[PDB]
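Chemist:
2 protein chains.
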Amino acid sequence: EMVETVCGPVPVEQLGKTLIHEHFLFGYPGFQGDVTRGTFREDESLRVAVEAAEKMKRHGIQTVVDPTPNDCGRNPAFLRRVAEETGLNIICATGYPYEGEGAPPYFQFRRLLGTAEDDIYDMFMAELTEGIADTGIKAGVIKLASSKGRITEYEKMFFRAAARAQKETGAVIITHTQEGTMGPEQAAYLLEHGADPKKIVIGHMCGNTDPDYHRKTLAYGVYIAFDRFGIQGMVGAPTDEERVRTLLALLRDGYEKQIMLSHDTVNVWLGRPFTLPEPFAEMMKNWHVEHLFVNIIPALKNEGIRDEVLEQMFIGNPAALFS
Amino acid sequence: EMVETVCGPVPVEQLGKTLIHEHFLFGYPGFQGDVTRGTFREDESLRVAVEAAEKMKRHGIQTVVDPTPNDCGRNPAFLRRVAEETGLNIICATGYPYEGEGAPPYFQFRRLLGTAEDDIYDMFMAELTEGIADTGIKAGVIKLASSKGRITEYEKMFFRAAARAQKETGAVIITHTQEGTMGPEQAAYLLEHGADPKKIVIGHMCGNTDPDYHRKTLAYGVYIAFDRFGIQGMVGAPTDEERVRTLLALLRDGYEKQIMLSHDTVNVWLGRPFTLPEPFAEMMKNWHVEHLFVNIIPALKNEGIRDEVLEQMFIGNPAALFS
Ligand SMILES: [Fe+3]
Ligand SMILES: [Fe+3]
Ligand SMILES: [O-]
Ligand SMILES: [O-]
Ligand SMILES: [Zn+2]
Ligand SMILES: [Zn+2]
Numbered sequence: 003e004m005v006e007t008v009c010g011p012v013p014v015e016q017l018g019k020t021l022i023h024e025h026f027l028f029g030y031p032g033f034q035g036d037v038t039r040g041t042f043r044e045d046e047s048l049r050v051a052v053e054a055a056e057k058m059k060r061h062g063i064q065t066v067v068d069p070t071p072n073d074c075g076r077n078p079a080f081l082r083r084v085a086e087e088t089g090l091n092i093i094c095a096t097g098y099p100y101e102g103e104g105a106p107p108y109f110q111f112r113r114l115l116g117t118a119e120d121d122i123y124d125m126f127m128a129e130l131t132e133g134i135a136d137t138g139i140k141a142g143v144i145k146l147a148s149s150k151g152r153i154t155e156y157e158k159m160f161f162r163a164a165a166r167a168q169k170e171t172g173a174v175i176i177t178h179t180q181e182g183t184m185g186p187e188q189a190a191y192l193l194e195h196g197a198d199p200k201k202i203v204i205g206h207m208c209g210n211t212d213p214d215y216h217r218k219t220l221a222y223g224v225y226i227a228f229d230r231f232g233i234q235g236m237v238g239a240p241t242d243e244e245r246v247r248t249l250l251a252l253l254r255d256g257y258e259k260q261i262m263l264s265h266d267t268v269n270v271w272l273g274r275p276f277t278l279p280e281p282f283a284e285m286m287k288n289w290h291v292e293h294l295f296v297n298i299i300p301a302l303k304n305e306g307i308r309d310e311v312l313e314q315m316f317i318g319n320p321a322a323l324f325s
Numbered sequence: 003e004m005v006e007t008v009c010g011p012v013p014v015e016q017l018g019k020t021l022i023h024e025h026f027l028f029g030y031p032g033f034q035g036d037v038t039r040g041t042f043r044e045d046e047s048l049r050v051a052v053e054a055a056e057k058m059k060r061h062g063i064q065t066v067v068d069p070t071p072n073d074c075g076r077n078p079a080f081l082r083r084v085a086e087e088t089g090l091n092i093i094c095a096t097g098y099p100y101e102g103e104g105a106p107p108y109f110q111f112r113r114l115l116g117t118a119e120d121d122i123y124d125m126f127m128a129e130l131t132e133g134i135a136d137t138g139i140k141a142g143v144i145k146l147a148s149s150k151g152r153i154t155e156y157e158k159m160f161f162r163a164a165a166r167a168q169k170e171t172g173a174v175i176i177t178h179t180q181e182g183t184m185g186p187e188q189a190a191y192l193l194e195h196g197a198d199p200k201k202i203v204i205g206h207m208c209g210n211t212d213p214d215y216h217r218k219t220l221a222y223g224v225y226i227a228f229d230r231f232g233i234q235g236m237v238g239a240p241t242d243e244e245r246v247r248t249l250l251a252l253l254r255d256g257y258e259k260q261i262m263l264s265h266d267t268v269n270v271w272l273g274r275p276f277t278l279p280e281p282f283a284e285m286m287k288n289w290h291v292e293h294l295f296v297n298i299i300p301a302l303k304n305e306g307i308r309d310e311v312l313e314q315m316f317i318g319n320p321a322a323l324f325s
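If you're matching them up, the sequences are chains A and B in order.
Add 2 to the 1-based position in the first sequence for the deposited numbering, that's all there is to it.
Add 2 to the 1-based position in the second sequence for the deposited numbering, that's all there is to it.
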């Protein structure tokens, strides 16, 4: 009935049109060391975040899930300021990134001491049921991530802790898959440890263009996410046209009640500013929060996707996911 | 004539008895995501640090080089509070940790953009000549680190940026070697790119117990640090007994003008508190800031080492290094 947001409990029936994976702030681990040349511009960042929320609102979005990992710039008080200003529901996460794009040392050390998995579980429980730091804000989802072609032993501690915390809380699990791999493995390993497939979103599924792969993942009953629309030519990502072709295939197979769509935008980059060089810059020009509604969804309409199906993906699925 | 400390410029003639490598604060990268259960307790942390500064003061220490990496909890305003309270000089660093104990994703990403090495030089320069963040404190040393058996291509970016920055500033370089490897390779690679051997300290050289390895590194003209006295049974460390035996052999060969000593303490761990399991716990029991002066230094004296040699290592060498 309720979900925890950055503005406290909101009824699930009032979530409305929802983007399941968007980052208002994000920084790659290691950004914290470049503070002198890449310090956080709080108020200009707010204006950018707020303006992104307003772009999203102009297409009817009422809720955004922001699954920024704990050490990647997750800032719940900042997200609360966005939501208070814009009236948008924002759900944040508890969790850590995968090995190759994260900071493994800290919890690697605690595995050596033999308390890592228990420490992760305790973090998850605290941030789900009490609050993050002193913000008073509970996370609404557990964020999980796995490496390319592998759920490493390090990563599996988080999967196991996540399953245990979901058994205790009912919290939704949202995942990251690296370069279109481990989708079925993620679902199977979480289920092995008692997670609920109805509360799982396997992410970055648009990273794999083989509809057999998605069907392997869908058979577990989980949700999948085509959540990187507009990312092309980097992090191994396929083209948007490949994303559209794979999605139409599944949708023409009757899989609407399990598919959610998003962009995985980074609206404010933490650390030092940058501009992508000449080739990616072109491929990445549609990586913004209006892309799905200005470009992708008109194309889906022309391919015969009906409003009820879209509405199923943007409204019905998040509502079922969080209830 | 002057070195920058966390209380502005200090004459090199006034540094006195110096510990070349001690961490007041330190956290393994990834500690930033454990904020709810591992918050930084400022008051108590200050109390603990101030006490470490006084324990060092009672054995004549007037200066400490704190080489904590930028993303490992380096906190120059906090260090300044310790120094102002205690009168100790504290010199801090600019630098990143090696791959296996750090967060590479951030600067790995900037290498894809082609800007990483330049960005690292820009960071070194700003922190050495302008200030860290808005603290007004300049780093006094560049901190470098490499992996076990390799100076990776990621690490080499920082090595080349450090050599570049030293050519511009005359700043001292302090290094971390992993598990007794790559001492000769660090010196050779730094000198290849124009770095000054009189301004380099190759660290954790006590991790290697073969005097030929040490002599190989010494042949480059650089300083070397037996800076891990008290660490045993962890991180591949050999015993203090092995440390002493190696150190006596070098001192008996006349190498005292190139050797410096320290413990590499972590006086306040960042993130969540922990307790070492019982095998490691007793082996580590001497890892504190008085161990040199209570245990190691007097046993060296019993073995014939003269007071003027010790003073060369604790006083003469830091003075030579920073001038
Ligand atoms: Fe994401
Ligand atoms: Fe150290
Ligand atoms: O992501
Ligand atoms: O260290
Ligand atoms: Zn992701
Ligand atoms: Zn070190």
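Here a beta-carbon is modelled for each residue, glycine too, at the ideal position from N, C-alpha and C.
Pick out the complete alpha helix (DSSP H) segments inside the segment 201-228 of chain A, 4 residues or longer, and give them in chain order.
Modeler: Complete alpha helix (DSSP H) runs here, min 4: 213-220.
Chemist: For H293/B, is the beta carbon positioned less than 7 Å from some heavy atom of ligand 4?
Modeler: Working through the second sequence from its first residue, we reach residue 293/B at position 291. No.
Chemist: For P11/B, is the classification buried or exposed, using 16 other Cβ atoms within 10 angstroms of its Cβ as the cut-off for buried?
Modeler: Here residue 11/B refers to the residue found at position 9 of the second sequence. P11/B comes out exposed.
Chemist: Which chain B residues sit within Cβ distance under 7 Å of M125/A?
Modeler: In the first sequence, residue 125/A corresponds to position 123, counting from 1. Within chain B, the residues near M125/A are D36, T38 and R39.
Chemist: With respect to the beta strand (DSSP E) encompassing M262/A, which residues constitute its N-terminal and C-terminal limits?
Modeler: Position 260 of the first sequence, counted from the first residue, corresponds to residue 262/A. Looking at the DSSP string, the run of the beta strand (DSSP E) that includes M262/A is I261 to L263.
Chemist: Nearer than 7 Å: is that true of the beta carbon of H206/A relative to any heavy atom of ligand 5?
Modeler: Here residue 206/A refers to the residue found at position 204 when the first sequence is read from its first residue. Yes, ligand 5 has a heavy atom inside 7 Å of this Cβ.
Chemist: Hey, is residue 328/B close to ligand 2, as in C-beta under 7 Å from one of its heavy atoms?
Modeler: Residue 328/B lies beyond the stretch modelled for chain B, which goes from 3 to 325, so this question has no answer here.
Chemist: With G185/A as the anchor, note down where its alpha helix (DSSP H) starts and where it stops.
Modeler: Indexing the first sequence from 1 puts residue 185/A at position 183. Looking at the DSSP string, the run of the alpha helix (DSSP H) that includes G185/A is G185 to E194.
Chemist: Just tell me which of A79/A, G35/A, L312/A and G306/A has its CA closest to the CA of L294/A.
Modeler: Working through the first sequence from its first residue, we reach residue 294/A at position 292. The residue with the shortest Cα to Cα distance from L294/A is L312/A.
Chemist: Since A147/A is in the alpha helix (DSSP H), which residue starts that stretch and which ends it?
Modeler: As a working mapping, residue 147/A is identified with position 145 in the first sequence. Taken as a continuous stretch (DSSP letters only), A147/A belongs to no alpha helix (DSSP H), being part of the beta strand (DSSP E) at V143 to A147.
Chemist: Hey, does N269/B have any beta-carbon neighbour from chain A nearer than 8 Å?
Modeler: Residue mapping note: residue 269/B aligns to position 267 of the second sequence, counting from 1. Chain A contact via Cβ: absent.
Chemist: So with Cβ pairs under 8 Å, would you call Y156/B a contact of chain A?
Modeler: In the second sequence, counting from the first residue as 1, residue 156/B sits at position 154. No, because no Cβ of chain A sits closer than 8 Å to the Cβ of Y156/B.
Chemist: Please state the DSSP three-state secondary structure of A251/A.
Modeler: For the purposes of this step, residue 251/A is taken as the residue at position 249 of the first sequence. It is helical.
Chemist: Roughly how many angstroms lie between the CA atoms of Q64/B and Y98/A, to the nearest whole one?
Modeler: In the second sequence, residue 64/B corresponds to position 62, counting from 1. In the first sequence, residue 98/A corresponds to position 96, counting from 1. If I take the Cα positions, the gap works out to 41 Å.
Chemist: Give the DSSP bridge partners of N91/B, in chain order.
Modeler: Position 89 of the second sequence holds residue 91/B. DSSP, once it has assigned bridges, lists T65/B as partnering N91/B.
Chemist: Name the DSSP beta bridge partners of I175/B, please?
Modeler: Mapped onto the second sequence, residue 175/B falls at position 173. According to DSSP, which records beta bridges pairwise, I175/B is partnered with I144/B and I202/B.
Chemist: First and last residue of the alpha helix (DSSP H) that includes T131/A?
Modeler: In the first sequence, residue 131/A corresponds to position 129, counting from 1. Here the alpha helix (DSSP H) through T131/A covers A118 to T131.
Chemist: Go to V37/A, then tell me how far its beta strand (DSSP E) extends in each direction, as first and last residue.
Modeler: Within the first sequence, residue 37/A is the residue found at index 35, counting from 1. It is not in any beta strand (DSSP E) - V37/A carries neither H nor E in the DSSP assignment.
Chemist: Could you say if the segment 132-143 of chain A and the segment 53-64 of chain B meet the contact criterion of at least three C-beta pairs nearer than 8 Å?
Modeler: Short answer: they don't touch.
Chemist: Sort out for me which residues DSSP pairs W289/A with in a bridge.
Modeler: Here the question's residue 289/A lines up with position 287 in the first sequence. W289/A pairs with nothing; no bridge assigned.
Chemist: Please state whether the Cβ-Cβ distance between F28/B and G75/B is less than 8 Å.
Modeler: Along the second sequence, one-based indexing puts residue 28/B at 26. Along the second sequence, one-based indexing puts residue 75/B at 73. Yes, these two residues count as a Cβ contact at 8 Å.
Chemist: What does the Cβ neighbour count give for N304/B, buried or exposed, with the cut at 16 atoms within 10 Å?
Modeler: Walking along the second sequence from the start, residue 304/B turns up at place 302. So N304/B counts as exposed.
Chemist: Please indicate yes or no: does the CB of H178/A lie closer than 7 Å to some heavy atom of ligand 7?
Modeler: Here the bound small molecules are ligand 1, ligand 2, ligand 3, ligand 4, ligand 5 and ligand 6; ligand 7 is not part of this structure.
Chemist: Please confirm if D73/A has its CB atom under 8 Å from at least one CB of chain B.
Modeler: Indexing the first sequence from 1 puts residue 73/A at position 71. Chain B contact via Cβ: present.
Chemist: Please go through the same chain and pick out, in chain order, the residues whose beta-carbon is closer than 8 Å to the beta-carbon of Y225/B, but skip the five residues on each side of it.
Modeler: In the second sequence, residue 225/B corresponds to position 223, counting from 1. Result list for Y225/B: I202, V203, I204, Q260, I261, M262, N319 and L323, in chain order.
Chemist: In this structure, does DSSP put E3/B in helix, strand or coil?
Modeler: Residue numbering aside, residue 3/B sits at position 1 when the second sequence is read from its first letter. If DSSP states are grouped into helix, strand and coil, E3/B belongs with coil.
Chemist: Can you give me, in chain order, the residues of the segment 13-37 of chain A that have a beta carbon less than 8 Å from any beta carbon in chain B?
Modeler: Within the segment 13-37 of chain A, the residues whose Cβ lies closer than 8 Å to some Cβ of chain B are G29, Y30, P31, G32, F33, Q34, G35, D36 and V37, listed in chain order.
Chemist: Assuming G32/A and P106/B are in contact, meaning their beta carbons sit under 8 Å apart, how far apart are those beta carbons, in whole angstroms?
Modeler: If you number the first sequence from 1, residue 32/A lands on position 30. If you number the second sequence from 1, residue 106/B lands on position 104. Their Cβ separation, rounded to whole angstroms, is 6 Å, which keeps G32/A and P106/B in contact under 8 Å.
Chemist: Should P69/B be counted as a contact of ligand 2 given a C-beta to heavy atom distance under 7 Å?
Modeler: Here the question's residue 69/B lines up with position 67 in the second sequence. Yes, the beta carbon of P69/B sits closer than 7 Å to at least one heavy atom of ligand 2.
Chemist: Verify whether the separation of the beta carbon atoms of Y100/A and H178/A is less than 8 Å.
Modeler: Working through the first sequence from its first residue, we reach residue 100/A at position 98. Working through the first sequence from its first residue, we reach residue 178/A at position 176. Yes. Within cutoff.
Chemist: Return yes when at least one heavy atom of ligand 6 lies under 7 Å from the C-beta of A147/B, else no.
Modeler: Here residue 147/B refers to the residue found at position 145 when the second sequence is read from its first residue. Yes.
Chemist: Looking at the C-beta of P107/A, does it have a partner C-beta in chain B at a distance below 8 Å?
Modeler: Within the first sequence, residue 107/A is the residue found at index 105, counting from 1. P107/A counts as touching chain B.
Chemist: Between which two residues does the alpha helix (DSSP H) containing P107/A stretch?
Modeler: Start at 1 with the first residue of the first sequence, and residue 107/A comes out as number 105. Element bounds for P107/A: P107 to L114.
Chemist: State the CB to CB distance for the pair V291/A and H265/A, rounded to an integer number of angstroms; the pair is presumed to be in contact (CB under 8 Å).
Modeler: Indexing the first sequence from 1 puts residue 291/A at position 289. Indexing the first sequence from 1 puts residue 265/A at position 263. Going by Cβ atoms, the distance from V291/A to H265/A rounds to 6 Å, so yes, they are a contact pair.
Chemist: To the nearest angstrom, how far is it from the Cα of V66/A to the Cα of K19/A?
Modeler: Counting from 1 along the first sequence, the entry for residue 66/A is found at position 64. Counting from 1 along the first sequence, the entry for residue 19/A is found at position 17. Straight-line Cα distance between these residues: approximately 9 Å.
Chemist: In this structure, how does DSSP classify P279/A when only helix, strand and coil are distinguished?
Modeler: As a first step, residue 279/A is located in the first sequence; it is residue number 277 there, counting from the start. Looking at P279/A - three-state DSSP - the assignment turns out to be coil, as it is neither helix nor strand.
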